Amino acid sequence: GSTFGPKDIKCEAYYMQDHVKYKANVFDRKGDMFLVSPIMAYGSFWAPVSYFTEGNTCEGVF
């Protein structure tokens with residue numbers, strides 16, 4: 001349970017929907033696909049974080 005501290009986060013990427021940009025927290029990777037979570041702790045799904053070329057916080061997976 002950490003917000004200021006990428007402990008439970010490690011990677012937090014962004015994405016905009018042509019105008020609205022928000023965060024997506026990312027944990028690990030699987031090939032060219034990454035392993036992300038929604039705006040809560042509920043499951044985990046793969047998403048191309050490679051598309052989140054705005055700014056992300058993943059340093060330990062990099």
# chains A, B, ... in the order shown; residues from 1 in each chain; ligands from 1
call {"tool": "residues_around", "arguments": {"residues": "residue 47 of chain A", "least_positions_apart": "2", "cutoff": "10 Å", "atoms": "only C-alpha atoms", "output": "number ranges by chain"}}
result
A: 24, 26, 29-30, 32-37, 44-45, 49-52
call {"tool": "write_last_selection", "arguments": {"atoms": "N, CA and C atoms", "output": "CSV table (one decimal), in the first residue's frame"}}
result
chain,number,residue,atom,x,y,z
A,24,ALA,N,-1.6,4.0,-15.5
A,24,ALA,CA,-1.8,2.6,-15.5
A,24,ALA,C,-0.6,2.0,-14.8
A,26,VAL,N,1.9,-0.9,-13.8
A,26,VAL,CA,2.5,-2.0,-14.5
A,26,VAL,C,3.4,-2.7,-13.5
A,29,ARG,N,6.7,-8.0,-17.1
A,29,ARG,CA,6.6,-8.1,-18.5
A,29,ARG,C,6.5,-9.5,-19.0
A,30,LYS,N,6.0,-9.7,-20.1
A,30,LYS,CA,5.9,-11.0,-20.7
A,30,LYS,C,6.2,-10.9,-22.2
A,32,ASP,N,6.9,-8.9,-25.3
A,32,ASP,CA,6.7,-7.6,-25.8
A,32,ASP,C,5.5,-7.0,-25.2
A,33,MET,N,4.8,-7.7,-24.4
A,33,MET,CA,3.6,-7.4,-23.7
A,33,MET,C,4.0,-7.2,-22.2
A,34,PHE,N,3.4,-6.3,-21.6
A,34,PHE,CA,3.6,-6.1,-20.2
A,34,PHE,C,2.4,-6.6,-19.4
A,35,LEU,N,2.6,-6.6,-18.1
A,35,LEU,CA,1.6,-7.1,-17.2
A,35,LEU,C,1.2,-5.9,-16.3
A,36,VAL,N,0.0,-5.4,-16.5
A,36,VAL,CA,-0.5,-4.2,-15.9
A,36,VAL,C,-1.8,-4.5,-15.0
A,37,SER,N,-2.2,-3.5,-14.3
A,37,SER,CA,-3.4,-3.6,-13.5
A,37,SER,C,-4.3,-2.4,-13.8
A,44,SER,N,-5.0,-8.8,-13.0
A,44,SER,CA,-3.9,-8.3,-13.8
A,44,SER,C,-4.1,-8.7,-15.2
A,45,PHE,N,-3.7,-7.9,-16.1
A,45,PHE,CA,-3.9,-8.3,-17.5
A,45,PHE,C,-2.7,-7.8,-18.3
A,49,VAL,N,2.7,-1.9,-22.9
A,49,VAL,CA,3.2,-0.7,-22.2
A,49,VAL,C,4.2,0.1,-23.1
A,50,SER,N,4.6,-0.6,-24.1
A,50,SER,CA,5.5,0.0,-25.2
A,50,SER,C,4.7,1.2,-25.8
A,51,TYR,N,3.4,1.2,-25.8
A,51,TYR,CA,2.5,2.2,-26.3
A,51,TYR,C,2.4,3.4,-25.4
A,52,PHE,N,2.8,3.2,-24.1
A,52,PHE,CA,2.7,4.3,-23.1
A,52,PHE,C,3.9,5.2,-23.2
call {"tool": "closest_residue", "arguments": {"among": "A:59, A:39, A:9, A:2", "to": "residue 27 of chain A", "atoms": "only C-alpha atoms"}}
result
A:9
call {"tool": "closest_residue", "arguments": {"among": "A:23, A:40, A:58, A:28", "to": "residue 11 of chain A", "atoms": "only C-alpha atoms"}}
result
A:58
call {"tool": "select_by_dssp", "arguments": {"residues": "chain A", "states": "strand (DSSP E)", "output": "list in words"}}
result
residues 11, 12, 13, 14, 15, 16, 21, 22, 23, 24, 25, 26, 27, 28, 29, 30, 33, 34, 35, 36, 37, 45, 46 and 47 of chain A
call {"tool": "write_last_selection", "arguments": {"atoms": "C-alpha atoms", "output": "PDB file, in the first residue's frame"}}
result
ATOM      1  CA  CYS A  11       6.088   0.839 -13.117  1.00  0.00           C
ATOM      2  CA  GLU A  12       3.329   3.266 -13.699  1.00  0.00           C
ATOM      3  CA  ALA A  13       2.733   4.247 -17.217  1.00  0.00           C
ATOM      4  CA  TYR A  14       0.477   6.730 -18.893  1.00  0.00           C
ATOM      5  CA  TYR A  15      -1.834   6.804 -21.747  1.00  0.00           C
ATOM      6  CA  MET A  16      -4.168   9.293 -23.198  1.00  0.00           C
ATOM      7  CA  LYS A  21      -4.327  11.032 -19.995  1.00  0.00           C
ATOM      8  CA  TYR A  22      -4.207   8.891 -16.947  1.00  0.00           C
ATOM      9  CA  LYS A  23      -2.028   6.379 -15.274  1.00  0.00           C
ATOM     10  CA  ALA A  24      -1.840   2.592 -15.465  1.00  0.00           C
ATOM     11  CA  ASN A  25       0.247   0.642 -13.017  1.00  0.00           C
ATOM     12  CA  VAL A  26       2.481  -1.998 -14.474  1.00  0.00           C
ATOM     13  CA  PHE A  27       4.272  -4.759 -12.624  1.00  0.00           C
ATOM     14  CA  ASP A  28       6.139  -7.102 -14.893  1.00  0.00           C
ATOM     15  CA  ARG A  29       6.599  -8.091 -18.480  1.00  0.00           C
ATOM     16  CA  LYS A  30       5.928 -11.003 -20.743  1.00  0.00           C
ATOM     17  CA  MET A  33       3.623  -7.396 -23.687  1.00  0.00           C
ATOM     18  CA  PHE A  34       3.609  -6.109 -20.245  1.00  0.00           C
ATOM     19  CA  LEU A  35       1.643  -7.056 -17.177  1.00  0.00           C
ATOM     20  CA  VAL A  36      -0.536  -4.242 -15.910  1.00  0.00           C
ATOM     21  CA  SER A  37      -3.383  -3.574 -13.477  1.00  0.00           C
ATOM     22  CA  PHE A  45      -3.858  -8.253 -17.538  1.00  0.00           C
ATOM     23  CA  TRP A  46      -1.366  -7.926 -20.277  1.00  0.00           C
ATOM     24  CA  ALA A  47      -1.090  -4.649 -22.092  1.00  0.00           C
TER      25      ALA A  47
END
call {"tool": "closest_residue", "arguments": {"among": "A:43, A:18, A:48, A:7", "to": "residue 31 of chain A", "atoms": "only C-alpha atoms"}}
result
A:48
call {"tool": "atom_distance", "arguments": {"atom1": "atom CA of residue 53 of chain A", "atom2": "atom CA of residue 5 of chain A"}}
result
21.2 Å
